[PDB]
Every structure is written in structure tokens, then in C-alpha cells.
């Protein structure tokens, strides 16, 4: 047997051993041809009129092996001067087999074409098109920049606030940690601020959900756009100060709505709280240690099959794949969740909201049960995202492999899919969903029921996903509180976002701050991260407290911990476990101090979030919004305003006993001493109980009780 897929697995940053590299070669380029034939004596390619012998040949070694890296054949062809038809022939001991015919057409960049780039006015130059015998594959063009212009935007970015001088793209991808290092993201947008030095600033939005690439050198920003059947790039330009630029974007693509004030309290989470006993014990420790928590996320709450039913719940399976009613279920005394309603009711009585984990995937690896019935129903009734051949798409990723994706691009399947979760909101009264994932769709030719194809619709999927569960909550009369890592243009209007998975490191800390700042610049209001990281060994006391202090001054303050296989010792990120692991007796008292202060901040946050939604001036706010003509601000990219009145300067290095903050124009006050401070550089002591925070002098009469 022998297999060749020209596009391969269609990992956006990597190639599989079975594919053609590159998929679309430029004229003059050679092409590499991979093939997987685990047992064959010899493998040859019939290439045009020639015959090309294959040898035995960014994926990891574990991932590549699963795709057949062992027993993979490859050969580099002659350069592509024209379209070539080709196939492969493999022999095992005289037994012969041949692949279907494939064809590749080389492409060229040209300024000649019927294609238009519309809307850029006189800012656009150097328009060109990537064309082959198949058609126009990509547009490309240049935006004029001036000296001192910064590029801030592109959704949530982990490497730097200013993207000028960098190569990057916008595509939804799950990068498992180290997002800043690889320069990737779960939440890209083809939008950015061009932040003026000197004169009036502006911004742009490339209107597409397809892939876009970006690079800047000298005075030009180069924008490359993937295309569909129509060779047209629609470009929107927004003129004004940074807030006004954001307004133009958000007026076009959507905007946050006010969420309930309780989302501004501390969120407690850990993945290994997989029983009612554990959740209640963890929240009890919160109560007993007097550490206020406003919400608890339960990730492993479910049967781990369909992920819409409590673990060890007893019910009659519905063969038709219809949704369950609350009364369908029984909960046994000896099960993992003997009385989930009683648990939630008690939590609610304590003022704690309850959030359940979600994934937009239906496991196919079971032949029985509700999970199998629903999977069969998805295919039968057309609720699944489809391949080009009409079969159901199966997850090509390594996380939840082969699972189906519900097609959330249309209302009927959004209804059908969320209907399975309805009893959770209406009976059990859960207050939100942590809607994880959504990046799972890989293929250019995938078909969505809304008429979009994969190259267009795959980036849109996480937006549909958050909206689906936001709508479920609305339909139950509750605020649309969803908690999502993934998104795209339009995500601004659905729920809360966190920065995804990272190790516990100072680098990840710094990356996360950048992620929040860039996200806010694009209109993402309610944002957080897993403070001091959720993955690997427990953070040390210093990193934990530096992160905890700063996060209390961020839109969403939440701690979380990755699945450890239920080993001992625990990897929990709870304050008392950190104290336990580090042996540091300052962790619980100082975290309690931060959490207690955070509670006092809720009315301020609530008011500021309302201003942010009305004026589009960001909640976690880079200084260029108010201060754009101040050149000095760019030397302190980790500083920000929290709402109008508070400037925050996180301590991002270990061992720091002092910290220096740049205060822009206006009068300021040190919130810890109540003293007045002159604008410009300011240095103050930073013991672990302090993160530098300054208040506009005119409103310190309002903020003073908070810090008293």
C-alpha cells in the first residue's frame, strides 16, 4: 500500500511525510514529494515523462511517527517549469501498486491581473497576485509606514506589543505552550493599529477569515492574503486616535456587552478536581483560609465521553441521539458526583459561581453508549463538519483524535449541540462554560453548512463556538459567560478569554501580559491568564506572588493547573498548595491580601468595563491610547492603565528589590503610600506584597478606600 496527500495533514505550521512540499511551488522551485509506504522494496515517481526514484526519508518525532515517518519515501524533483501530472509506483517482492494521478501547477507573482485591492486608498502600493494555471491564489501589497510608527494589533500576541520588523501571520492554531517563542496564537485578527509618531494615527482591517501573512522592513508593511474564487481583497482603513480606530473596527466586527460584575472576582480552578468531594474540599479550604473566590471552574466533571453528562450518572441511552432531560439522570451515593445540585446550591449560597469545561468535539472511539449514538446522529442528520467528499471530518489533531466537529456555523446545529447541555443551565443552574479548543479544523476544502469552505470557515469556528454557548446561557435567562482561549475577528462579542496553556516561568509571565495588552488593543475586554502558569512543577513563591499581585490588577484573575495523571504530590496552583510546596509562609497571607484587595476593586472594574464598552477605550490599556505622541511609552511595553485611573507596572523579573515605572503626563499618586509622585521615571521598593500601582491624582479620593 502507498499513500500520497498533496496538502498532507494540513498542519498550518508543519508538513506531513505523505505530502508535497511546498503544496504550491513557485515556477523555478523544485518540489519535494513525500509518500508513505510502510513495506515496499522500492518506490518510484512517474513525473511528467520522467521517472524519479525515491529514498527512505516541523513535526515532532512522536507526531511524525504516528503519520508514518518510518517507512516514508521522498525525492526532490527538477524545478517546476510547467504543470506536471504525476503518480507513484511501489513494489514489494514483485507485487505492484500505483497511486491515483496527481497534478501540480507552478505559480508566479505578478502585478498584472483582474484582481483588485479595494479600500486602501493612497496608503496601498505594490499590489501583486500569485497566479497559476489554476487561478489567482493570493494577493499581496504594501502599506506605507512613517518613522516612529508602531504596529500594535493582530489579535492576541505573545512575543511583543510592537510587531514592526517582524514576520507573523493570522491563523487560528493551538500552540501548546511557548506561544511567544514560536510567535503563534489561539486568537489572531487581521487587524492592527498603526500608531502615529508623529501625526494622526490609523488602523486597518483585512476583511477575510482566510490566512494572512505580515512582514515589515523599512517604511513598508507587507500584507499577504489567501484568496478564494474571487480575486478581491477588501481592506478597511480607520482614521483617528487609537480609541477611534478601535471604534471603527468594533462597529464593523462586533463589540463586548457588559458582563455581570462577579466575573471580576477571583476564579479558582484545577484540572484534577474530578470529584464532588475534591471540589467541595478545595472551596472549603478557600473559605477556611479566608481567601475570597467568586467562581470555580470544574474541568473534569463529566463522563469524559460526550462531555455533556456528569461522571457516573445513570440514565437510559437515547438511541436517536436526542438530548437528555434532567430527570433522565440518577446519581449514585458512591459515584464521583452523588449530588451535584446540592454542591452547586451550596456554592451559590456562598456566592460562588460554577463554570463547566467544554470541548467542541464528539469522540468517535466508542462503539457504544450515548457518545456513540450522538456521533451516529451527527452524521445522519448532518450536524457534523464535512470533508470535501461529503464524509464527516475527523479530528486530524493529536488531542481528541478522530473526533467529529459539530457544525456550529448554522443555527440548527448550534441548537442541537447546546441542547444537550441545557439541563445543566436550567436545572443545575451553572453560570458559565469554559469553552476550550475550537482550533481543531484542518483542511482547505472542508465544507460548512453555512456554505463556507475550510480555508474560509476554519478560522471562524471558535467564534461560532463561543457564540453558541453564549446563546445557550441567554436562552436560559443568564449572562453569556463563556471562557475561551481561541477566537478570531468577531470574538469580541462573546464572553471571556484567557491566554491558554503555558509553563510556569518568568518568560511565560511576560508573554501573557503582552497577550492581554495586544488583545485589548483589538477589542478583547474581559481577558485573563493562568497566573504563574498551569503546567509543569508548581511555581516558586516569588513567581507565584509576582503573578498573583499583577493579575489582581488585570481584567480576569484566575489560577489553574494542568492534568497531572492524579500523581502525588499534587500540582495544584491553589495558594496553600504553593505554600506547601515552597515551604514559604508568605504565600497564603500575601495572596489573601491581593484577593481581598481585588474584592474591593470590583465596583471600579465594573464601572471601567462599562466605559470601555461605551467608549472603546480599553480596560487593560497600553499607554499609546491616551499618550500616543509620547515617545517614551514604548520603552515600557509591559506597563498599562487599568481603566482610566490606574497605572500598573508588573514585576516581571526574579530577584528585583526595586522597580522603575514611567508615569506619563498628569499628576499621580502612589496608591500604597498615598503620596504624590512626579510624572516621569519613578523608582520604589518592591517587596512581595507590593506591585507598583499609581492613581491619577484627581480620582484618588475615589480609589483611596480600596487601598486603605
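Positions refer to the first chain, counted from 1.
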Would you mind checking whether any residues of the deposited sequence sit unmodelled between residue 63 and residue 64, and how many (none, 1 to 3, 4 to 9, 10 or more)? none
Decide which of the stretches 304-312 and 615-623 has the higher mean C-alpha B-factor, going by the entry. 615-623
Of 350-358 vs 592-600, the stretch with the larger average CA B-factor in the entry is 592-600
If I read the C-alpha B-factors straight from the PDB entry, which of 630, 572, 389, 156 is highest? 630
Which listed residue, 342, 520, 104, 556, has the largest C-alpha temperature factor in the record? 104
According to the PDB entry, is the CA B factor of residue 429 in the bottom, middle or top third of its chain, that is, lowest, middle or highest? lowest
Determine, from the deposited record, the chain-internal third of the Cα B-factor for residue 209: lowest, middle or highest. middle
Residue 260 - Cα temperature factor, lowest/middle/highest third of chain: lowest
Looking at the temperature factor on the CA atom of residue 270, which third of the chain's modelled residues does it land in? lowest
Per the entry's values, where does residue 146 land by CA temperature factor relative to the rest of its chain, in the lowest, middle or highest third? highest
